[PDB]
Novice: 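Sharing a structure, written as structure tokens. Questions coming.
Per chain, numbering begins at 1; letters A, B, ... match sequence-line order.
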Amino acid sequence: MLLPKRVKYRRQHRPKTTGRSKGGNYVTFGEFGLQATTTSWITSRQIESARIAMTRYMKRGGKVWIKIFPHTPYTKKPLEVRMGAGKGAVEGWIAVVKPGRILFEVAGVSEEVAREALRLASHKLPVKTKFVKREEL
Amino acid sequence: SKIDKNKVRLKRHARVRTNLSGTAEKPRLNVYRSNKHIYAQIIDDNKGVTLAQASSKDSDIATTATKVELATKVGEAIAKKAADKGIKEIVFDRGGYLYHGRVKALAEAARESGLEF
Amino acid sequence: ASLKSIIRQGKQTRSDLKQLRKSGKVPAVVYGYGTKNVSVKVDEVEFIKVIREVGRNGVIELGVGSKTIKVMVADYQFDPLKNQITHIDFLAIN
Amino acid sequence: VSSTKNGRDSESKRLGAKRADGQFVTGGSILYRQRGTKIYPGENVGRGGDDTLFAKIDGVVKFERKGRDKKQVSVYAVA
Amino acid sequence: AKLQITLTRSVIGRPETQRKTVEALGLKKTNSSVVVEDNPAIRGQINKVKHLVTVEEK
RNA sequence: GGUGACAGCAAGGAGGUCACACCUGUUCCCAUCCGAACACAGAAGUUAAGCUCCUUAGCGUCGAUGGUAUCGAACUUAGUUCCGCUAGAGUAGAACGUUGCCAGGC
RNA sequence: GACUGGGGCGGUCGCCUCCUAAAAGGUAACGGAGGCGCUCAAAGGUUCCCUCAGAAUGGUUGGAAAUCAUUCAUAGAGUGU
RNA sequence: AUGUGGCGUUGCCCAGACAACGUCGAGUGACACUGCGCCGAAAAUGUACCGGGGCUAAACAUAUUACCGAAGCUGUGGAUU
RNA sequence: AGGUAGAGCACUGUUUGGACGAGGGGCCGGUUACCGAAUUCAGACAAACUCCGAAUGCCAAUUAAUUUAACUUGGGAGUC
């Protein structure tokens with residue numbers, strides 16, 4: 001249910017999905033994360049479900065740092081109506097993720113426990129995942 | 001935080017010196033006093049070369065009696081070098097100051113002398 | 001700590017570079033005091049064996065061509081996907 | 001069926017550079033169209049009440065640099 | 001210091017800029033030739049349309 | 001000291017009636033609730049401050065070398081290859097002004 | 001009357017500014033945003049001068065702050081629309 | 001998903017590590033960036049995509065060469081400009 | 001001449017975690033945590049943010065090479 005308090009414009013263009021993660025793609029606030037390998041539009045509902053999966057799994061022992069926010073709004077149009085009467089009304093908020101971006105990040109748990117907790121939420125979420133650790137070397 | 005005057009002078013000069021300059025047919029002379037003495041130095045700013053100079057600290061005019069007669073004589077004495085060359089149209093740059101008192105006396109002496117300002 | 005390192009021959013293209021960067025090597029540089037510009041390629045599994053015990057800040061005695069120079073790890077690029085080093089940067093402090 | 005609130009705009013003005021650096025111009029020629037002072041006048045150059053830059057003699061135009069970022073245009077006489 | 005350029009491809013399907021470069025070299029139809037002095041002005045026009053022509057140092 | 005061509009901000013250090021400032025003023029032309037400003041009349045004492053001499057790069061300013069892409073061309077309908085032009089970060093490094101024409105005094 | 005993702009219903013129709021617009025200019029849709037159909041004998045001319053909202057500092061009633069001095073204070077002030 | 005493919009380090013090491021409640025001998029078991037597979041995938045006249053026959057190469061690849069292939073170009077003769 | 005790609009947050013807006021005490025407040029005026037705004041170390045995002053910016057495309061000038069067009073004024077159209 002995360003969304004901006006108020007946004008300057010309401011009917012904004014549809015972002016890009018070609019290229020690679022512009023930034024934000026190293027785990028630097030926890031100890032174990034999970035990051036994307038294809039591009040997609042991860043939305044408010046499926047972020048919601050994926051955090052549901054992990055707080056419902058760790059039983060509030062650890063925590064999750066959500067490194068993604070739905071800054072842009074998209075619209076839709078009345079149910080299968082004719083073309084050409086202005087743009088439609090808002091329907092949800094999204095965040096484009098490119099190959100590389102750290103999606104979810106957990107900390108303070110067994111490396112095993114993360115290794116399956118981040119496996120669970122991968123299914124709720126429309127981008128193929130990969131599990132990573134804190135960087136060394 | 002008390003401030004000093006000559007920085008404001010330099011600002012005034014830079015700020016209203018924007019449209020005025022010499023062209024070696026229309027030279028300009030400026031003026032400068034601090035507290036006890038008077039300078040003046042004419043220049044043609046295309047070349048930035050000095051032509052004439054007149055000062056109240058100079059030896060040949062070294063008097064104390066009044067602060068107005070020194071302006072008068074320094075004026076009427078730059079007029080000597082002027083009526084030797086370049087004594088037609090010139091501009092009187094007022095430095096950064098008002099037009100009151102010593103500057104007026106200097107301009108009067110430089111004026112009723114053989115010059116064209 | 002005697003990292004065996006070859007020199008990059010003049011004018012590597014982007015194709016030539018990216019195809020040498022598949023056999024396993026990695027481009028590099030040294031600079032600083034008593035030294036000039038050079039383009040070099042360094043081995044990787046050797047480099048990681050070196051910097052898994054020497055510390056991120058530390059000494060190196062790699063041999064570059066004909067004499068040896070004591071250098072320290074300064075900079076890196078390290079693309080994240082299919083983890084492999086892209087660029088490693090050395091400064092001949094002397 | 002529906003009501004579109006938008007649909008407005010104005011006619012585009014043809015602002016910007018009108019003559020080229022290095023090109024011989026004529027007296028009273030318009031060198032740059034602009035709202036404002038994106039480029040300042042220079043030597044033998046004027047500005048009109050629309051902020052329009054123009055030449056005052058027959059010469060050659062050069063675009064140059066005024067201070068640290070401000071820019072200016074001049075005309076130099078001999079062709 | 002002498003080149004021998006031959007038009008081994010057709011101009012059909014190409015942009016107008018490339019076709020104008022081909023005309024300035026002096027080449028008219030497919031497989032036609034021209035003998036010119038080597039010169040950076042000639043070589044820029046060779047480089048623009050290099051996928052269209054063959055060159056040989058005579 | 002004056003004007004005149006392309007580096008700063010400050011921070012400890014010192015040094016002098018040749019500079020110019022700090023001051024004495026309401027007395028006069030000037031001049032505003034206030035000579036706090038602006039004027040003009042002093043010139044007693046004076047580098048404490050401004051000025052002024054390296055300076056600290058600490059802040060700031062420039063700026064490499066490596067090289068991380070987008071015209072052209074094929075291959076293909078999923079971004080891969082060969083080219084040419086190479087950024088923004090960012091490292092090293094420089095950097096506490098080069099100094100144009102006169103007075104005075106050398 | 002016309003336009004119109006058939007027509008009708010509905011909305012709109014002139015001018016100004018910005019995105020779309022692909023670093024010259026130009027460029028469409030019932031694409032996305034706002035304005036106008038004036039005002040000022042000074043808010044015009046010309047000679048001078050003159051230069052911060054906010055904060056911090058304190059200050060006789062303090063609607064906390066307006067009124068009062070000091071440290072700032074990059075112009076963030078401000079400019080009739 | 002234990003389908004298989006290397007480069008890999010490795011914990012336990014033939015002092016006898018995984019089993020059978022001491023026999024037992026050759027590696028054990030783990031942790032990944034990658035190759036081909038895996039199921040994955042369920043409409044109506046009649047086989048039905050090599051177009052057909054057929055093919056384990058006549059498939060897909062790489063590296064050389066040969067040849068065939070247009071009203072393109074060259075030979076030979078002609079026309080009109 | 002110029003602000004697109006890319007990048008970058010220094011300005012306008014969005015941002016998540018992590019931050020500091022004066023104070024309304026706990027009370028019997030106060031403690032203190034706690035509510036809110038502010039500044040604060042800490043880091044992702046933009047068609048209508050930018051200062052740091054391409055490749056190309058544009059204008060021009062030329063004792064810088066190959067090429068054969070270009071313009072002005074008239075007769076005749078078709079095309080929407």
Novice: With a 4.0 Å cut-off on heavy atoms, is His13(A) in touch with a base, just the backbone sugar-phosphate, or nothing at all?
Specialist: base
Novice: Counting side-chain heavy atoms from CB outward, which of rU3(F), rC29(F), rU20(G) is closest to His100(B)?
Specialist: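 Within the option list, the nearest is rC29(F).
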Novice: What nucleic acid atoms does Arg115(A) come within less than 4.0 Å of, heavy atoms only: base, sugar-phosphate, or nothing?
Specialist: sugar-phosphate
Novice: Are any of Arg10(A)'s side-chain N or O atoms less than 4.0 Å away from OP1 or OP2 of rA48(I)?
Specialist: no
Novice: Under 4.0 Å from OP1 or OP2 of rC49(G): is there any side-chain N or O of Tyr99(B) that close?
Specialist: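 Looking at the OP1 and OP2 atoms of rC49(G), neither is under 4.0 Å from any side-chain N or O of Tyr99(B).
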Novice: Using a cut-off of strictly less than 4.0 Å, decide whether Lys5(D) has a side-chain nitrogen or oxygen near OP1 or OP2 of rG32(G).
Specialist: no
Novice: Please determine, for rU28(H), whether a Watson-Crick or G-U wobble partner exists with both distances under 3.5 Å, and give it or none.
Specialist: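 When the pairing criteria are applied, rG11(H) turns out to be the nucleotide that pairs with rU28(H).
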Novice: Do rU56(I) and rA10(I) meet the pairing test, Watson-Crick or G-U wobble with both distances under 3.5 Å?
Specialist: no
Novice: Checking base pairs now: Watson-Crick or wobble, both atom distances under 3.5 Å. What partners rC36(G)?
Specialist: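 Paired with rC36(G), as far as the under-3.5 Å criterion goes, is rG14(G).
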Novice: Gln12(C) near the nucleic acid: base, sugar-phosphate alone, or nothing, with a heavy-atom cut-off under 4.0 Å?
Specialist: sugar-phosphate
Novice: Do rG63(F) and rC59(F) meet the pairing test, Watson-Crick or G-U wobble with both distances under 3.5 Å?
Specialist: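 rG63(F) and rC59(F) do not meet the Watson-Crick or G-U wobble geometry.
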Novice: Phosphate oxygens OP1/OP2 of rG67(F): is one of them under 4.0 Å from a side-chain N or O of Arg8(C)?
Specialist: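 Yes, within the criterion.
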Novice: Does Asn6(D) put a side-chain nitrogen or oxygen below 4.0 Å from OP1 or OP2 of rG31(G)?
Specialist: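 Indeed not, no polar side-chain atom of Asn6(D) lies that close.
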Novice: Should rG42(F) be tagged north or south? The rule is the sign of the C1'-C2'-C3'-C4' torsion.
Specialist: north
Novice: Tell me what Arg9(B) touches on the nucleic acid: a base, only sugar-phosphate, or nothing, going by heavy atoms under 4.0 Å.
Specialist: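 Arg9(B): backbone/sugar contact only, no base atoms under 4.0 Å.
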Novice: Classify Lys18(C) by what it touches in the nucleic acid, base, sugar-phosphate, or nothing, heavy-atom distance under 4.0 Å.
Specialist: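 Touches sugar-phosphate only.
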Novice: On the nucleotide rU81(F), are OP1 or OP2 found under 4.0 Å from the side-chain N or O atoms that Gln19(C) carries?
Specialist: no
Novice: Measure the shortest side-chain to side-chain distance between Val73(D) and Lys62(D) over non-hydrogen atoms and say whether it is less than 4.5 angstrom.
Specialist: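 With C-beta onward as the side chain, the pair stays apart.
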Novice: Tell me whether the sugar of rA42(I) sits north or south, going by the sign of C1'-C2'-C3'-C4' (positive is north, negative is south).
Specialist: north
Novice: Think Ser10(D) has a side-chain N or O under 4.0 angstrom from the OP1 or OP2 of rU17(G)?
Specialist: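 Yes, such a contact exists.
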Novice: Are OP1 or OP2 of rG2(F) and a side-chain N or O of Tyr32(B) less than 4.0 angstrom apart?
Specialist: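 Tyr32(B) to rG2(F) OP1/OP2: side-chain N or O found under 4.0 Å.
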Novice: Find out whether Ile94(A) and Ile42(A) are in side-chain contact, i.e. whether some heavy atom of one side chain is under 4.5 Å from a heavy atom of the other.
Specialist: no
Novice: Give the nucleotide from the list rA1(I), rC45(I), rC50(G) with an atom nearest to the side chain of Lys71(D).
Specialist: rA1(I)
Novice: Under a 3.5 Å limit on both distances, do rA10(F) and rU56(F) form a Watson-Crick or G-U wobble pair?
Specialist: yes
Novice: Pull up the glycosidic torsion of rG76(G) and say syn or anti, syn being anything within 90° of 0.
Specialist: syn
Novice: Is there side-chain contact between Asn25(A) and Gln35(A), with heavy atoms separated by less than 4.5 Å?
Specialist: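 They are not in contact (no side-chain heavy atoms under 4.5 Å apart), so the answer is no.
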Novice: Ignoring hydrogens and angles, answer whether the base of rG67(F) and the side-chain atoms of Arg14(C) contain a donor-acceptor pair closer than 3.5 Å.
Specialist: no
Novice: State the pairing partner of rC27(I); accept Watson-Crick or G-U wobble contacts with both distances under 3.5 Å, and report none otherwise.
Specialist: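 The base-pairing partner of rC27(I), which may sit in any strand shown, does not exist here.
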Novice: In the structure shown, which nucleotide is the Watson-Crick or G-U wobble counterpart of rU40(I), with both distances under 3.5 Å?
Specialist: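 Pairing partner, where one exists within any strand: none, as none qualifies.
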Novice: Please give the nucleotide sitting opposite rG53(I) as a Watson-Crick or G-U wobble pair, both distances under 3.5 Å, or none.
Specialist: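 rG53(I) is paired with nothing.
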Novice: Heavy atoms only, 4.0 Å cut-off, all strands: where does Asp9(D) land among base, sugar-phosphate and nothing?
Specialist: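 Base, at least one base heavy atom under 4.0 Å.
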Novice: Name the pairing partner of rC75(F), where a pair is Watson-Crick or G-U wobble with both distances under 3.5 Å, or state none.
Specialist: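 Matched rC75(F) with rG79(F) under the 3.5 Å cut-off.
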Novice: For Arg21(C) and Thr86(C), test the side chains for any donor-to-acceptor distance below 3.5 angstrom and give the result as yes or no.
Specialist: yes
Novice: Would you please confirm or rule out a distance under 4.0 Å between OP1 or OP2 of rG79(F) and any side-chain N or O of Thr18(A)?
Specialist: no
Novice: Is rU51(G) north-puckered or south-puckered, judged from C1'-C2'-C3'-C4'?
Specialist: south
Novice: Between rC16(G) and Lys13(D), is there an OP1 or OP2 to side-chain N/O distance shorter than 4.0 Å?
Specialist: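 Answer yes for this pair, as a side-chain N or O of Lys13(D) is under 4.0 Å from OP1 or OP2.
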Novice: I'd like to know if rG25(F) and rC40(F) make a pair - Watson-Crick or G-U wobble, with both distances under 3.5 Å.
Specialist: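 Both donor-acceptor distances below 3.5 Å, so yes.
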Novice: Taking only side-chain N and O atoms of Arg82(A), does any of them lie within less than 4.0 angstrom of OP1 or OP2 on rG6(G)?
Specialist: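 Indeed, a polar side-chain atom of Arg82(A) lies that close.
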Novice: In Watson-Crick or G-U wobble terms, both distances under 3.5 Å, what is the partner of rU57(G)?
Specialist: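 Base partner found: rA69(G).
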Novice: Looking at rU34(H), which nucleotide sits across from it as a Watson-Crick or G-U wobble partner, both distances under 3.5 angstrom, or is there none?
Specialist: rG5(H)
Novice: Given the rule that positive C1'-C2'-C3'-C4' is north and negative is south, which one is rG45(F)?
Specialist: north
Novice: Which way does the sugar of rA75(G) pucker, north or south, judged by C1'-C2'-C3'-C4'?
Specialist: south
Novice: Looking at every strand, decide which applies to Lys41(C) at a 4.0 Å heavy-atom threshold: base, sugar-phosphate, or nothing.
Specialist: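 Touches nothing.
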Novice: With nearest nucleotide decided by heavy atoms, which residue, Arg8(D) or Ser12(D), maps closer to the 5′ end of RNA chain G?
Specialist: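 Result of the comparison: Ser12(D).
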